[PDB]
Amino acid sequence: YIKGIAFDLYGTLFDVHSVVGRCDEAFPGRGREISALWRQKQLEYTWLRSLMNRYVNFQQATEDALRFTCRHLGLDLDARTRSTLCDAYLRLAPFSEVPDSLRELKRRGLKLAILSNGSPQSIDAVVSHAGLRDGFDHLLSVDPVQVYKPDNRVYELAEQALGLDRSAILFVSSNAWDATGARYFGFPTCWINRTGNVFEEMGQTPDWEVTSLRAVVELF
């Protein structure tokens, strides 16, 4: 039986579409382009640095990813504007069903936690700004292990902090590549697919594929 749930941050709980708008305000007409490439570089850099054994915290990785993005687009990025766009991640709005769903799952007595890339301080900030803080038992960052997902050492961390075995911790994520990693590790996996995307072809399939957190509650 699942006694705890490990949540993903962007795309699972919080909507990042906010950042797109904040980018377009900085560089009018380019918003969708900037945010699209910026997000991919953030992913790539965490993966690539992990393979090379050259870690840096997510904040740095986010700035670097933006710097490359603008340089690649022919956009001039000053320090001031770079901080603003980066601060945009600390002010995300959750998906509509999120608040109620979290309250209901906590009612059911499940231990809830968040495992993200950023510092614990920033993770706290996002959930506090959204007034959701009180619903989480653990706020985890990959920083302690100096590596990023899907390196299995990040998953153990989630397992250790929760004081439960992986088979009793539901891994919830909107990223198929992450759900694949979790699935290989041992966590029962729940893929959050809202916009009709397909699963990655790396030998895995999630235990459950849902369209929102509303469906997650029904499982309990």
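Residue positions are given as counts along the sequence shown, with the first one as 1.
Peer 1: Which is higher on average in the deposited entry, the C-alpha temperature factors of 166 to 174 or of 28 to 36?
Peer 2: The recorded data point to 28 to 36.
Peer 1: Averaging C-alpha B-factors over each stretch, which comes out higher, 177 to 185 or 151 to 159?
Peer 2: For C-alpha atoms only, the mean B-factor is higher in 151 to 159.
Peer 1: In terms of CA temperature factor as recorded, identify the highest of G196, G11, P206, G203.
Peer 2: Of the options given, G196 has the highest CA B-factor in the PDB entry.
Peer 1: Sort the modelled residues of this chain by their C-alpha B factor and say whether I2 lands in the lowest, middle or highest third.
Peer 2: According to the entry, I2 has a C-alpha B-factor in the chain's middle third.
Peer 1: Comparing against every modelled residue in the chain, figure out the third that the C-alpha B-factor of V20 lands in (lowest, middle or highest).
Peer 2: Its C-alpha B-factor, which the entry lists for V20, ranks in the middle third among residues of this chain.
Peer 1: C-alpha B factor of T84, ranked within the chain: lowest, middle or highest third?
Peer 2: According to the entry, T84 has a C-alpha B-factor in the chain's middle third.
Peer 1: Quick check for you: using the entry's CA B-factors within this chain, is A93 in the lowest, middle or highest third?
Peer 2: Highest third - that is where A93 ends up once the chain's C-alpha B-factors are sorted.
Peer 1: Split the chain's modelled residues into thirds by Cα B-factor; is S128 in the lowest, middle or highest one?
Peer 2: Highest third - that is where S128 ends up once the chain's C-alpha B-factors are sorted.
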